[PDB]
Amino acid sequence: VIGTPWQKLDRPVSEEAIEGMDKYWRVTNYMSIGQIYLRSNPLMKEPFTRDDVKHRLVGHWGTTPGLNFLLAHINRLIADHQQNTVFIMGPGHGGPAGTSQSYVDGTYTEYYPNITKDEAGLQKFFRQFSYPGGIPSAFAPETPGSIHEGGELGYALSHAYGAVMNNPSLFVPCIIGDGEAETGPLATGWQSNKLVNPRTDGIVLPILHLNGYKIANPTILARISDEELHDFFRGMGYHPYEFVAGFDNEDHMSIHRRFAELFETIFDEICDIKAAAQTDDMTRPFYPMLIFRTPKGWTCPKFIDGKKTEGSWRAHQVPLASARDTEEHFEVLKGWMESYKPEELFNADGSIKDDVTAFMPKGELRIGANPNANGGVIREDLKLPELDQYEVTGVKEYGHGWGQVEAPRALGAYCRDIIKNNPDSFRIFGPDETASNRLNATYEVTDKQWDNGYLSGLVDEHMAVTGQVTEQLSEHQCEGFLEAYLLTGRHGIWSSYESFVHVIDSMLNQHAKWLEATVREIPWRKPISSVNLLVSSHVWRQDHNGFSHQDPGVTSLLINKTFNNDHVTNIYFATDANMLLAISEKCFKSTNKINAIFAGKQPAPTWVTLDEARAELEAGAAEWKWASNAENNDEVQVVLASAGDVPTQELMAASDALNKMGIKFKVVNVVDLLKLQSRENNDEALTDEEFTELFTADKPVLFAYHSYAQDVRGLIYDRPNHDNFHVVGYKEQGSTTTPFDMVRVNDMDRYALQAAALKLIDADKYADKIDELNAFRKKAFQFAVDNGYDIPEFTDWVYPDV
């Protein structure tokens, strides 16, 4: 247990704490401006000159003094209440406030010993911000206290709420930009309070950083009427409080006293909600939220060159862009830095006075030190049930290609038992698709958590105020909840219809970049569990839906995060259920990855045994010797290669026809896609020798690919024999139609695959056979048209074991 959670003070904030908060605010304002502007001479010792100003002024002042003010008060809160606390910096461009925070709390020097607590350290701290060889401009993963960089805006609230799931002692003040609140993902994020439980989860306090402006515009929320702003948050299930400061001549000490008192009313109400939830955990309370209305750029010069700067979008980035070049700008910078009176805040040796920091929390309650903000220090391996019990044994008993299993059901049974073994640290998310993607065996041990109205057991099933499944019709919520759940040291998986995974492409990009920075250069940030995404209800079998639901292209996005041997991205094609089991165990053990696990949920053949799946997964690609009919590679007329459940089904049927014609070939299945890349691009891929052994040195390869053929072409560009690969993939063809038609129109059906194989072998010789196969596809199509279902010869085919 960290600290003493949800305790009220029952006394006013002390005058000593108010004095320390104003010193904090002034010192973090001063150091934030030093980080942006100063290359040397951080204490402005004589001579202080333009030569001390950075040649390239980059970074953001506007948001920053409001964040420094809240951080003073959140620090004071944490210390007085001993409250386990992670904050979210929605306006992540306020990096300097987050680095100042860590430098003041002592974690910066603890994690970065060269950046010491004295004039030499402070000089280096100022120079390195946004600087070549230095540190980023945003609240990056290399800052102690960050679980959310906030570079791409919109995910502040999904992260805040994912962090408090199953974390009942944790408090998350979530600082949201008022421009950020104009984004889609943030706008839906407010509604998460219908999906957390006040007894079993922790508490988010949204703080709207209503500074009136985004980069070059006012914001929507700051200019609507007060009555609309309050109704809006009340209608989203919050009790709105609002604080207004900085627009008149009110002295800063009164501002701190008024804010501390308000913040204590807010926290008392959170503590009442937490206490009440021990007895009534079914009534959804109105959680407080805070509207925090202060001037953008607060405490910078009111006007610069005749233009209003404090209280304006002009304060957004870097005021005084000529601070190095003019002297008029230099004098303004100088008076601005002086207004904080650093001579009272730093000792002669350049260490921050004890005065400034006596009110601060200590030890693991410090914002930089809390292990929830470095959740790998708390993560434990999952207690995984043995895989063998889930195996589809029909392939051992009856043969390769047996049955009509719905593959994700085996993963559901496995997830069920994971939740049973790990009842408060493994969650499932879905955007209203958990049952649709067949992971509903999980409901045998838990419910979808829903903290909003109930009506009737005739309609409410597998749903309760507490539980380990979470659904909301929003891929942004599912992805963002899961990310923070992982970043705070827990585990889980989510599932999405494949085409809609694209809604969150850009979130995958940011989490991949968080991982990249981390595996490269932040070894104190310990490994977290991986994002595990079941990509299902795929392009080939969207039976109730049509062309809008046919887009397997997240493969292609993921290919753009496969650099430098970071190894933070995996693309797996689950050939069948036993392959799915083997991939999933590996993903549930992995850390520091995004794993995209492709599987069909339609009834489908099971191809491999579990033991086979386990060996084939590890190689990445394997020959299926029981399916090949060639003696060796020299006798092979074509390589039949497949990635995905449906391409594999269609290639298998093609191999069966090709065998019966006396064509000699081998069958290669591809599971771990990126292991096709060269060793030069991927030090864990198949070696050239292993690749040649699979795909031959010079025979034609027919490659039937689940997604866009572009992917495979670009990946094998420098591989031996790559010029002989013919890649067939999805090509933007299809609609609401039968299963054969959907493969037919992309040349993916078995008849077209057989034809393509014949054509690669000898186009002249098999010209008639090819015609005949093409004519057969037409006839099968007409049959579907005339009759309403696919030709029995297509649907009834099973691979020659039985």
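When you see a residue number, it is the position in the sequence shown, counting from 1.
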{"property": "Mean temperature factor over C-alpha atoms, higher-scoring stretch between 660-668 and 546-554", "result": "660-668"}
{"property": "Entry-level comparison of average CA B-factors, 379-387 and 151-159, reporting the higher stretch", "result": "379-387"}
{"property": "Top Cα B factor in the deposited entry, candidates 226, 471, 690, 479", "result": "690"}
{"property": "Of the residues 604, 164, 245, 559, the one carrying the largest Cα B-factor as recorded", "result": "604"}
{"property": "Chain-relative CA temperature factor third for residue 746", "result": "middle"}
{"property": "Within-chain third of residue 754 by Cα B-factor, per the entry", "result": "highest"}
{"property": "Record-listed C-alpha B factor of residue 68: chain third", "result": "lowest"}
{"property": "Within-chain third of residue 486 by Cα B-factor, per the entry", "result": "lowest"}
{"property": "Residue 17 by Cα B-factor - lowest, middle or highest third of the modelled chain", "result": "middle"}
